[PDB]
file final01.cif (mmCIF, C-alpha atoms)
data_coords
#
loop_
_atom_site.group_PDB
_atom_site.id
_atom_site.type_symbol
_atom_site.label_atom_id
_atom_site.label_comp_id
_atom_site.auth_asym_id
_atom_site.auth_seq_id
_atom_site.Cartn_x
_atom_site.Cartn_y
_atom_site.Cartn_z
ATOM 1 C CA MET A 1 -1.667 6.460 -18.625
ATOM 2 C CA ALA A 2 0.696 3.731 -17.219
ATOM 3 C CA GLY A 3 -0.358 2.664 -13.676
ATOM 4 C CA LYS A 4 2.491 4.691 -12.092
ATOM 5 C CA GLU A 5 -0.079 7.343 -11.162
ATOM 6 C CA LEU A 6 -1.913 6.760 -7.841
ATOM 7 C CA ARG A 7 -5.574 6.913 -8.920
ATOM 8 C CA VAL A 8 -7.920 6.879 -5.887
ATOM 9 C CA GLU A 9 -11.666 6.366 -6.596
ATOM 10 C CA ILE A 10 -13.690 6.942 -3.374
ATOM 11 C CA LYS A 11 -17.245 5.472 -3.419
ATOM 12 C CA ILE A 12 -19.688 7.079 -0.891
ATOM 13 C CA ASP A 13 -22.976 5.073 -0.675
ATOM 14 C CA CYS A 14 -25.803 7.411 0.458
ATOM 15 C CA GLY A 15 -28.220 4.757 -0.864
ATOM 16 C CA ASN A 16 -27.135 4.443 -4.541
ATOM 17 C CA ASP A 17 -30.254 5.577 -6.497
ATOM 18 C CA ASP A 18 -29.058 8.095 -9.159
ATOM 19 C CA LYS A 19 -25.311 7.425 -9.688
ATOM 20 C CA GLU A 20 -22.293 6.026 -7.759
ATOM 21 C CA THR A 21 -20.404 9.009 -6.244
ATOM 22 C CA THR A 22 -16.760 8.675 -7.321
ATOM 23 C CA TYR A 23 -14.183 11.090 -5.899
ATOM 24 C CA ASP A 24 -10.973 11.652 -7.917
ATOM 25 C CA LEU A 25 -7.775 12.257 -5.919
ATOM 26 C CA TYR A 26 -4.056 11.525 -6.457
ATOM 27 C CA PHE A 27 -1.174 10.955 -3.976
ATOM 28 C CA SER A 28 2.554 11.653 -4.457
ATOM 29 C CA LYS A 29 3.611 13.659 -1.368
ATOM 30 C CA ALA A 30 2.485 12.430 2.126
ATOM 31 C CA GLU A 31 1.429 16.083 2.715
ATOM 32 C CA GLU A 32 -1.026 15.838 -0.238
ATOM 33 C CA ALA A 33 -2.322 12.508 1.172
ATOM 34 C CA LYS A 34 -2.980 14.334 4.503
ATOM 35 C CA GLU A 35 -4.797 17.223 2.713
ATOM 36 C CA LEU A 36 -7.078 14.763 0.808
ATOM 37 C CA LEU A 37 -7.404 12.800 4.127
ATOM 38 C CA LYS A 38 -9.350 15.570 5.915
ATOM 39 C CA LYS A 39 -11.333 16.337 2.674
ATOM 40 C CA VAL A 40 -12.731 12.795 2.081
ATOM 41 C CA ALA A 41 -13.243 11.981 5.804
ATOM 42 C CA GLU A 42 -15.231 15.243 6.444
ATOM 43 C CA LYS A 43 -17.332 15.173 3.218
ATOM 44 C CA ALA A 44 -18.236 11.472 3.759
ATOM 45 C CA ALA A 45 -19.447 12.194 7.354
ATOM 46 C CA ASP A 46 -21.564 15.086 5.923
ATOM 47 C CA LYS A 47 -23.502 12.562 3.727
ATOM 48 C CA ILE A 48 -23.971 10.204 6.724
ATOM 49 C CA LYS A 49 -25.493 13.147 8.704
ATOM 50 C CA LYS A 50 -28.885 12.921 6.800
ATOM 51 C CA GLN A 51 -29.424 9.242 5.750
ATOM 52 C CA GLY A 52 -27.010 7.427 8.067
ATOM 53 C CA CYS A 53 -24.807 6.407 5.096
ATOM 54 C CA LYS A 54 -23.260 3.356 6.851
ATOM 55 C CA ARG A 55 -21.865 1.874 3.618
ATOM 56 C CA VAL A 56 -18.606 3.517 2.493
ATOM 57 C CA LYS A 57 -16.203 1.910 -0.060
ATOM 58 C CA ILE A 58 -12.613 3.075 -0.733
ATOM 59 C CA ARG A 59 -11.197 1.735 -4.025
ATOM 60 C CA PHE A 60 -7.634 2.552 -5.094
ATOM 61 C CA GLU A 61 -5.555 1.459 -8.131
ATOM 62 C CA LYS A 62 -1.842 0.654 -7.710
ATOM 63 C CA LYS A 63 0.883 -1.316 -9.551
ATOM 64 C CA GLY A 64 3.973 0.695 -10.513
ATOM 65 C CA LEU A 65 4.387 2.561 -7.190
ATOM 66 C CA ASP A 66 7.341 2.795 -4.775
ATOM 67 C CA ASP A 67 7.227 1.039 -1.313
ATOM 68 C CA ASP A 68 6.747 4.523 0.255
ATOM 69 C CA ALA A 69 3.860 5.481 -2.150
ATOM 70 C CA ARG A 70 2.146 2.164 -1.222
ATOM 71 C CA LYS A 71 2.557 2.991 2.503
ATOM 72 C CA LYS A 72 1.067 6.535 2.083
ATOM 73 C CA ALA A 73 -2.200 5.237 0.536
ATOM 74 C CA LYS A 74 -2.258 2.160 2.889
ATOM 75 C CA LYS A 75 -2.031 4.262 6.122
ATOM 76 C CA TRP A 76 -4.414 6.798 4.495
ATOM 77 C CA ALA A 77 -7.171 4.181 3.889
ATOM 78 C CA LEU A 78 -6.948 3.261 7.619
ATOM 79 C CA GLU A 79 -6.994 6.818 9.105
ATOM 80 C CA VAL A 80 -9.868 8.218 6.979
ATOM 81 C CA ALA A 81 -11.844 5.024 7.867
ATOM 82 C CA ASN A 82 -11.139 5.572 11.612
ATOM 83 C CA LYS A 83 -12.123 9.300 11.222
ATOM 84 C CA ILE A 84 -15.484 8.435 9.523
ATOM 85 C CA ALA A 85 -15.952 5.828 12.325
ATOM 86 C CA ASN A 86 -14.963 8.424 15.015
ATOM 87 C CA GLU A 87 -17.693 10.873 13.868
ATOM 88 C CA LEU A 88 -20.646 8.398 14.039
ATOM 89 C CA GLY A 89 -19.559 5.282 15.997
ATOM 90 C CA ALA A 90 -19.200 1.664 14.725
ATOM 91 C CA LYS A 91 -15.973 -0.408 15.083
ATOM 92 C CA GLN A 92 -13.599 -0.612 12.024
ATOM 93 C CA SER A 93 -13.367 -0.814 8.213
ATOM 94 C CA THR A 94 -13.259 -4.097 6.227
ATOM 95 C CA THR A 95 -9.818 -4.248 4.491
ATOM 96 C CA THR A 96 -9.107 -6.360 1.360
ATOM 97 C CA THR A 97 -5.682 -6.253 -0.399
ATOM 98 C CA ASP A 98 -5.461 -7.227 -4.111
ATOM 99 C CA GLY A 99 -2.956 -7.225 -7.025
ATOM 100 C CA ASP A 100 -4.354 -4.293 -9.076
ATOM 101 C CA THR A 101 -7.097 -2.643 -6.933
ATOM 102 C CA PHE A 102 -7.093 -1.959 -3.144
ATOM 103 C CA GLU A 103 -10.529 -2.319 -1.448
ATOM 104 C CA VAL A 104 -11.072 -0.868 2.045
ATOM 105 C CA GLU A 105 -14.826 -0.413 2.671
ATOM 106 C CA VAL A 106 -16.006 1.250 5.919
ATOM 107 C CA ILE A 107 -19.037 -0.662 7.264
ATOM 108 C CA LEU A 108 -20.493 1.594 9.961
ATOM 109 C CA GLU A 109 -22.789 -0.125 12.500
ATOM 110 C CA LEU A 110 -25.286 2.762 12.795
ATOM 111 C CA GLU A 111 -29.022 2.010 13.281
ATOM 112 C CA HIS A 112 -29.655 4.551 16.078
ATOM 113 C CA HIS A 113 -30.522 7.869 14.283
ATOM 114 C CA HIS A 114 -32.860 10.898 14.755
ATOM 115 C CA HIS A 115 -33.468 10.480 18.573
ATOM 116 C CA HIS A 116 -36.074 13.263 19.114
ATOM 117 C CA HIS A 117 -38.272 13.461 22.268
#

call {"tool": "encode", "arguments": {"input": "final01.cif", "output": "structure tokens"}}
result
Amino acid sequence: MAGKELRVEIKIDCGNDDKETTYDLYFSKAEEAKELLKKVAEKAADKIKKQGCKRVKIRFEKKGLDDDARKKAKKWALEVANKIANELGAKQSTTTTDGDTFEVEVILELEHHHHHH
């Protein structure tokens, strides 16, 4: 409880009806960041499979981190966004840097779904 700890809150919008889906993950090693990278980017794409969940929002809290710790989570937010994009289509994520929070939301341009002859 200080703001040293890298608290990542991943918001996956599958059409928010019941509750906002918040995923709790922490970074310290770049290897951990990479492990969480494949977890979030796969599990997000799994939600998109049914509804075409084309709204994704990555929120991350940071303040008392090292320049390296900042770079781990920064590069992370890009690569998971490009992975979620790679699975379905679209272009890129919308990136917003802030003092306390870090908002990178992946707006997928995906109308074309369920093509069945």

call {"tool": "resolve_selection", "arguments": {"input": "final01.cif", "expression": "the PyMOL selection byres ((chain A and resi 36-48) around 7)", "output": "PDB file with C-alpha atoms, in the coordinates of the input"}}
result
ATOM      1  CA  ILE A  12     -19.688   7.079  -0.891  1.00  0.00           C
ATOM      2  CA  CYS A  14     -25.803   7.411   0.458  1.00  0.00           C
ATOM      3  CA  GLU A  32      -1.026  15.838  -0.238  1.00  0.00           C
ATOM      4  CA  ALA A  33      -2.322  12.508   1.172  1.00  0.00           C
ATOM      5  CA  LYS A  34      -2.980  14.334   4.503  1.00  0.00           C
ATOM      6  CA  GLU A  35      -4.797  17.223   2.713  1.00  0.00           C
ATOM      7  CA  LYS A  49     -25.493  13.147   8.704  1.00  0.00           C
ATOM      8  CA  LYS A  50     -28.885  12.921   6.800  1.00  0.00           C
ATOM      9  CA  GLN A  51     -29.424   9.242   5.750  1.00  0.00           C
ATOM     10  CA  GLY A  52     -27.010   7.427   8.067  1.00  0.00           C
ATOM     11  CA  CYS A  53     -24.807   6.407   5.096  1.00  0.00           C
ATOM     12  CA  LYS A  54     -23.260   3.356   6.851  1.00  0.00           C
ATOM     13  CA  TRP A  76      -4.414   6.798   4.495  1.00  0.00           C
ATOM     14  CA  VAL A  80      -9.868   8.218   6.979  1.00  0.00           C
ATOM     15  CA  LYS A  83     -12.123   9.300  11.222  1.00  0.00           C
ATOM     16  CA  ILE A  84     -15.484   8.435   9.523  1.00  0.00           C
ATOM     17  CA  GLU A  87     -17.693  10.873  13.868  1.00  0.00           C
TER      18      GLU A  87
END

call {"tool": "axis_aligned_box", "arguments": {"input": "final01.cif", "around": "range 75-80 of chain A", "padding_each_side": "5 Å", "output": "lines of an AutoDock Vina configuration file"}}
result
center_x = -5.9
center_y = 5.7
center_z = 6.5
size_x = 17.8
size_y = 15.0
size_z = 15.2

call {"tool": "closest_residue", "arguments": {"input": "final01.cif", "among": "A:58, A:30, A:65, A:90", "to": "residue 78 in chain A", "atoms": "all atoms listed in the file"}}
result
A:58

call {"tool": "resolve_selection", "arguments": {"input": "final01.cif", "expression": "the PyMOL selection byres ((chain A and resi 3) around 10)", "output": "mmCIF file with C-alpha atoms, keeping the file's coordinate frame"}}
result
data_model
loop_
_atom_site.group_PDB
_atom_site.id
_atom_site.type_symbol
_atom_site.label_atom_id
_atom_site.label_comp_id
_atom_site.auth_asym_id
_atom_site.auth_seq_id
_atom_site.Cartn_x
_atom_site.Cartn_y
_atom_site.Cartn_z
ATOM 1 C CA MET A 1 -1.667 6.460 -18.625
ATOM 2 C CA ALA A 2 0.696 3.731 -17.219
ATOM 3 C CA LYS A 4 2.491 4.691 -12.092
ATOM 4 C CA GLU A 5 -0.079 7.343 -11.162
ATOM 5 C CA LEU A 6 -1.913 6.760 -7.841
ATOM 6 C CA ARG A 7 -5.574 6.913 -8.920
ATOM 7 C CA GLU A 61 -5.555 1.459 -8.131
ATOM 8 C CA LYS A 62 -1.842 0.654 -7.710
ATOM 9 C CA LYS A 63 0.883 -1.316 -9.551
ATOM 10 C CA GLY A 64 3.973 0.695 -10.513
ATOM 11 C CA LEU A 65 4.387 2.561 -7.190
ATOM 12 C CA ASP A 100 -4.354 -4.293 -9.076
#

call {"tool": "atom_distance", "arguments": {"input": "final01.cif", "atom1": "CA of residue 55 in chain A", "atom2": "CA of residue 24 in chain A"}}
result
18.6 Å

call {"tool": "atom_distance", "arguments": {"input": "final01.cif", "atom1": "CA of residue 60 in chain A", "atom2": "CA of residue 20 in chain A"}}
result
15.3 Å

call {"tool": "atom_distance", "arguments": {"input": "final01.cif", "atom1": "CA of residue 71 in chain A", "atom2": "CA of residue 28 in chain A"}}
result
11.1 Å
